[PDB]
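Listed next as structure tokens is one chain, alone, in the form deposited in one PDB entry.
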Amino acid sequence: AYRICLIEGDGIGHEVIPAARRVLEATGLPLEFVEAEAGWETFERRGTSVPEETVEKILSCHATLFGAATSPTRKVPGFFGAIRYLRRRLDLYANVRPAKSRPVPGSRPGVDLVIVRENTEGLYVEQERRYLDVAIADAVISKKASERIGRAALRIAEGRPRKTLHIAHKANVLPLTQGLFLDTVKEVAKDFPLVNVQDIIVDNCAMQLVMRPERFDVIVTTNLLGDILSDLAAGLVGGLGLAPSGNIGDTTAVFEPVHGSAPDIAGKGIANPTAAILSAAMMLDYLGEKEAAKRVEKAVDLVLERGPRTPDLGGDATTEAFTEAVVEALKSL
């Protein structure tokens, strides 16, 4: 049996995570669910957005599915954001963001790519200083983190049909940091004979994602860069509302939708569980259940295409009805 940690988090995490739990159970796989809490609502109760227990429960399971974390408007004494934290604490060094065409209004066809972003360093070391009216931030690239992220993106590419990786970078303007990242990935790519490795300057890569996204298979890049390119690519195929995500290290992983807590629509029973369900499909895949992953994805596609749709997506099916449809389509495969 697999042990899955479920963390609902904030707002509509309380609706999409139960949705995904149901779909997961409909796979027929041996699944044991543990619950834990994190995020703003948690913070408002216990002065921390990731209690120690939640770390312990995470580490006790094969994988974790997380719902939503509320973006703080004001800055709040003591309130570190939860995903940012778990990334560091659990060393989830690889951020995996697929962008795939879905049968939905205004989403380009012919897109099927995976953006693998370094999750640990670059501008995200968060080592800023302000002296008089000048502020400075470290942007840090190491050979170690670059190998780690290189090998991850390479493992992902090699299990995909087109066997292709683009290293997106800015080595021309930043040859010491960004060049180190470019070169290390190229170096590490040598134990992956089956993969075609190109490199592309990040600004041009963004342009190419808009004009010719069908050109890409897997893209590897650094922290801020990948942040932008993922979110770029999601606009191509539905926006954040349908964007799944993995956060993967060597011992455990956390999967989450990218949409926030959606504070308005929360509690209203109309949130679309797609992002959460697809994240759960990513999770099944990471666990080694490739068939179920593909079955879960196929189910979601069918309901997105023909079955009842949620108000973000045209229709006025509830989360319940949408989830019901997905469960049905899944059981029939």
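Note that the rigid core is defined as the largest set of C-alphas that superpose within 1.5 Å between two forms. Throughout, we count residues from 1 along the sequence that is shown.
Between 281-289 and 301-309, the higher mean Cα B-factor belongs to 301-309.
If you average the C-alpha B-factors over 211-219 and over 133-141, the higher value belongs to 211-219.
Which of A38, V296, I265, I58 has the largest Cα B-factor in the deposited entry comes down to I265.
Of all the options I228, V104, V185, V202, the entry's greatest CA B-factor is assigned to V104. For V50, the recorded CA B-factor ranks within the middle third of the chain. Only modelled residues enter the ranking. Ranked by C-alpha B-factor against the other modelled residues of its chain, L123 falls in the lowest third. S71: CA B factor in the highest third of modelled residues in this chain (values from the PDB entry). Sort the chain's modelled residues by C-alpha temperature factor and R87 lands in the middle third, per the entry.
Sort the modelled residues of the chain by CA B factor and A276 lands in the lowest third.
As for the form deposited in another entry, it is not shown, yet the points below apply to it.
The one residue among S230, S146, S261, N247 whose Cα position changes by 2 Å or more between this form and the one not shown, with the core held fixed by superposition, is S261. Once both forms are fitted on their core, the CA shift for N204 between this form and the one not shown remains under 2 Å. If you fit the rigid core between this form and the one not shown, you'll see the Cα of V300 move by less than 2 angstroms. Core-aligned CA deviation for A271 between this form and the one not shown: 2 Å or greater.
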